[PDB]
Amino acid sequence: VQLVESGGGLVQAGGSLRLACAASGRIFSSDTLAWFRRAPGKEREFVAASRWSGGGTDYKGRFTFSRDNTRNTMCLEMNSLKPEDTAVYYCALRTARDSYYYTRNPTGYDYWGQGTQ
Amino acid sequence: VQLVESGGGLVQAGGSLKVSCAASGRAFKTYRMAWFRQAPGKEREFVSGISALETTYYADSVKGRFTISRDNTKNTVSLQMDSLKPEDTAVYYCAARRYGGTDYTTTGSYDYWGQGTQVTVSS
Amino acid sequence: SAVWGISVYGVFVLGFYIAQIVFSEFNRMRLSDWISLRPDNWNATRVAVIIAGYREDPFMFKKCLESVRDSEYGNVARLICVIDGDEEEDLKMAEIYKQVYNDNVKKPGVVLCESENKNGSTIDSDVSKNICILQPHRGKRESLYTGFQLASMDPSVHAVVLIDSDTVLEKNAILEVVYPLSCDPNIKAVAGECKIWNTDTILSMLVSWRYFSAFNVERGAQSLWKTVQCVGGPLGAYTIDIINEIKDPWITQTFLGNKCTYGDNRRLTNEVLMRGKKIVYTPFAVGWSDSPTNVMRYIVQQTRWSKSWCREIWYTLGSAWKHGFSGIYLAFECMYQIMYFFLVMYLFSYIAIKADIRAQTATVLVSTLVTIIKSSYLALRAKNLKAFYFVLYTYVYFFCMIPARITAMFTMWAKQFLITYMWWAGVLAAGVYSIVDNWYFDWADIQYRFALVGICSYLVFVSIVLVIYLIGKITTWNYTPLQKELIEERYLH
Ligand SMILES: CCCCCCCCCCCCCCCCCC(=O)OC[C@H](COP(=O)(O)OCCN)OC(=O)CCCCCCCCCCCCCCCCC
Ligand SMILES: CC(C)CCC[C@@H](C)[C@H]1CC[C@H]2[C@@H]3CC=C4C[C@@H](OC(=O)CCC(=O)O)CC[C@]4(C)[C@H]3CC[C@]12C
Ligand SMILES: [Mn+2]
């Protein structure tokens, strides 16, 4: 399951940017998709995630999670961006074959998308 | 199938007589038994008959006049003579039919006949 | 005499069917009312999926794994897969499991049932790794015990779901079988509806319709009074405490005549019923499983089921005694089954001996009318016009279940279908005697022509139904929507 996303650009304090992460394959209705604020070169942190079946996880309220559930892609929208908040995103995916628990650890995630700002 | 007719006699008007048509064969309940009368003046006419399922059929003024019954114990059919009158003096015959059409009054419908018996009443 | 018997038979059948319909409708309304109060994203009770099977088809096993993986729920503790055989040819399904899940076969040294230490931690080290089981072939009953032990070691697990290796699950199937048990502490076991995906064969479609009617009528009637029989099987839930406390009696029991691989479920349901806990059934959960396509295999399966029912009827009555003001309906139905079988056998013997055209036509017309009413009700409930084909189920039922029941009663160089051949020869001889004795044509008689018209109309109706079924197969209209994608994926291998 390869994941590719596009977006980014100029950042403004009052501006809003929308990001979409497209993947090819089947989600299997049991895989959780998570985003990361910064590249893992020096520092990486969790920001938001939500299981494909339902629910959601933040950190907030400034991040909105939307699932199309039809063309197996998802879109992420953010508001009131900060200069330190904007960075590269990966929209990684975690498989449920190993375990069903919420690992929250980026090491456990296996499917990694191309890093685009 | 062989049909043998026995009975009859000479009695006064209003008397009671019994006529039986003896028969035998491989099967008797399947055959349809009917009684036909024959007078010298006219031809044979249908008077009474019974089907395989014990259905009673009567001619004009025979509905309550006469009764017809059959039993499979001795494989014979018997008819009861009630309120005999001189105009009813005729030769009685019995017929057996296995396959037949809708009609039953027609003389030629039945493919079997019997010797018959003579019944005579005067007064 | 004969007409009175036919009339009382018809009125009793109609009354019982109407009462069962009313009970099923009341149960469905109660379940809908319960669902209407269900909060969104309800994940109060954990689910431990246990899968067991033997000689499973690789495509069917892969489809079942995909279906259970596609199930959507708030939280699942783990998935337990138990494989009956450990032979070299049995590693195919284990490798297939490694394609869908992690490679954790971890072949046990010996089956745990006769092991001195009856603890799941002996063969399992991690609870989150979704361990697999490859035990030696020693019976399907032993396979379920290992999965039960594996699920029982985790204190966080509150309930388990039992699914077959061949069954196909839906997205909301897991939630629908675990929600009802949580609301009522008395309710502990929930049964899910089972359906047959393939219906190309005339036997398969009739079996599917019979299963659907049974699940929607008898299961609902039992669940209204909360006395469901045969709750376990594919798409079945069990509360952890009851199974934990009754695992030992269910496995320590011995039997005189036991199949090499049968699996006992009625015994488990009866053991649950001994404690007096109430069991409910829901039709919202849908499960898809295959059915035999061979007449001989179906006859053998029916004989085995009848033998199991006859063996377990002794303990079935005891469960109803424990319940206070409950189980009387279950006991009445249990007596009604044998009473109905004996009465229909007596009626068949009487109509064969008498060989009366009027009585036979009347009883066949009554049977056709009641079957048509049942098919119409099934079509109305299922909102499908394919339920009208249930009229032909009477022939296969009469030709299969009765010899199967006779063989099961007699049991308690195959020599298994000998009784079936004797029954077929007897019914053929009875028909020959009836047709030979009544060999005449008297159109004058009203009764004879009425019987002939009735039998001709019945034959014409049967031929018309057979013809429309036959042309439906070519049109492929009768094919279920689910099996179309299955065969498409099988072709696109
Ligand atoms: C898809 C299938 C559709 C089937 C129906 C299709 C339409 C056809 C409708 C009619 C069917 C046949 C009914 C009988 C027609 C008889 C027509 C006829 O005239 O046949 C002639 C033949 C005898 O001919 P013959 O004696 O040479 O000449 C007679 C006139 N002089 O006459 C005979 O030999 C008549 C013999 C008739 C015997 C019929 C059987 C009667 C008893 C039936 C009992 C069935 C019990 C089954 C078991 C029930 C148990 C619950
Ligand atoms: C000379 C040969 C070739 C002809 C043989 C004739 C019989 C063997 C067939 C003809 C039609 C069949 C019957 C059609 C309908 C029924 C009703 C059935 O009872 C029920 O309806 C049970 C309903 C349920 O609960 O499912 C019992 C068998 C019976 C009599 C069948 C018995 C076998 C029959 C008599
Ligand atoms: Mn199978």
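Residues numbered from 1 in each chain as written, not as in the entry; some residues may be left out. Chains lettered and ligands numbered in written order. Heavy atoms only, no water.

Its PDB header names cryo-EM as the technique used to obtain the model and reports a resolution of 3.1 Å.

J.: Talk me through the interface of chain C and chain B; I want residue IDs and the actual numbers.
T.: The interface is formed by 13 residues belonging to chain C together with 15 residues belonging to chain B. In this structure, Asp442 of chain C and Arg32 of chain B form a salt bridge, with 3.4 Å as the shortest nitrogen-oxygen distance. Across the chain C-chain B interface, the total number found is eight residue pairs in polar contact. Only α11 (357-382), β8 (441-442) and α14 (446-475) of chain C provide two or more residues apiece to the side of chain C that touches chain B. The class makeup of the residues in the side of chain C that touches chain B is eight nonpolar, one polar and four charged. With two bridges connecting them, strand β10 (residues 99-100) of chain B and β8 of chain C associate as parallel partners. Considered in β8 of chain C, the bridge of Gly100 of chain B is made with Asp442 of chain C. (Contact = heavy atoms within 4.5 Å. Salt bridge = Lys/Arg side-chain N within 4 Å of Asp/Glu carboxyl O. Polar contact = N/O pair within 3.5 Å; in protein donor to acceptor, adjacent residues only side chain to side chain. Helix = DSSP H or I, 4+ residues; strand = E, 2+ residues; numbered from the N terminus. Nonpolar A, V, L, I, M, F, W, Y, C, P; charged D, E, K, R; others polar. Pairing = 2+ DSSP bridges.)

J.: Let's hear about the UniProt feature "binding site: Mn(2+) 5" (unreviewed entry) in chain C: which residues, and what values?
T.: Residues and elements named next belong to chain C. With numbering aligned to this structure, UniProt lists the feature "binding site: Mn(2+) 5" (unreviewed entry) at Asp166 and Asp290. Spanning 125 residues, the annotated positions come together in the fold, the maximum distance between their C-alpha atoms being 7.1 Å. Within the secondary structure, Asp166 sits in the loop between β4 (159-164) and α5 (173-183). Excluding residues within four positions of it along the chain, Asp290 makes contact with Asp166, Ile196, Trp197 and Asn198. (UniProt positions renumbered as here; feature names shortened; annotations may be inferred.)

J.: Describe the packing of helix α8 (residues 266-274) of chain C against helix α9 (residues 295-322) of chain C, listing the residues and the values that go with them.
T.: Two numbers describe a pair of packed helices, the interaxial angle and the distance between the axes. Residues and elements named next belong to chain C. Put simply, α8 and α9 touch, their axes get as near as 9 Å, and they point 10° apart. Taken together, the axes of α8 and α9 are roughly parallel relative to one another. Here α8 contributes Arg266, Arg267, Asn270, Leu273 and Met274 to the contact with α9, which in turn contributes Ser308, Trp309, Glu312, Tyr315, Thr316, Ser319 and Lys322. The residue inventory of the contact of α8 with α9, partitioned by class, reads four nonpolar, four polar and four charged. (Axes fitted to C-alpha atoms, helices over the stretch in contact; angles between N-to-C directions. Parallel < 35°, antiparallel > 145°, perpendicular 65-115°, else oblique.)

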